[PDB]
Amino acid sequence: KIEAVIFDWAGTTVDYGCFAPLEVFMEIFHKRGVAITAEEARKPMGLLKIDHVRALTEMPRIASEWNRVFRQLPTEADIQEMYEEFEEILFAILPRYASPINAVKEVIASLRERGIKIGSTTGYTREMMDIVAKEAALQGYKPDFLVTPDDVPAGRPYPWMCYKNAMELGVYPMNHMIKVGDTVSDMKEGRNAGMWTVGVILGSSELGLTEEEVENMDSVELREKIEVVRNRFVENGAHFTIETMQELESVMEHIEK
């Protein structure tokens, strides 16, 4: 029944905990004397990078501190300067985050043996993806297809990129495909496309932890942050949720019944 699985990139396939963008947003502000925290930086993590910045700008705690430094509130010009800077820095360090999350590679290998096609969509622009995809392929991961917002009329949560994949992979109907992501938007997109939607937890942008803090966190404590997200997913359309990609072929087996 299931002939293809469509994977997201950041916090699903690579970039454990999806920090690259977080790391950058913090820098552009820190260098302006208005240092923000991972929480509020990740707070928006889900909309256009351009609008993501503007969001931080309108965050009362940040807005005030900005008006303290520059003796004035952010200007549409500032947003545009901070956005240009965001990209330049992101391009620069994107390679350092393009490593396949330790579990994933073997999983992909297993699915390909079952004759199951591998697709993918993303929030990163084609420019960014070129860089991310290149480093990931060297490091062992390369989907059969990839699409970015640039390829379509609009990115997430629209199902456009998902249809493009089905088109190229040659798979139909949409319920013969699974969408796997690490954020609310990933769930929306999956449903809007009429496909089986799943959500990874450990290493997601939602769980926001690094491999380090995960391997060295209080079990009880961690087993709780996992739920604030696993639940968070189902509350957005995830026909299912998995702590790790190691549970993927299992969900497939379930679905196919």
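When you see a residue number, it is the position in the sequence shown, counting from 1.
For the pair 56-64 and 189-197, the record assigns the higher mean C-alpha temperature factor to 56-64.
In this entry, 81-89 shows the higher mean Cα temperature factor of the pair 81-89 and 176-184. In the deposited entry, the Cα temperature factor of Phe25 sits in the middle third of values across the chain's modelled residues. For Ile6, the recorded CA temperature factor ranks within the lowest third of the chain's modelled residues.
In the deposited entry, the Cα temperature factor of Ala238 sits in the top third of values across the chain's modelled residues.
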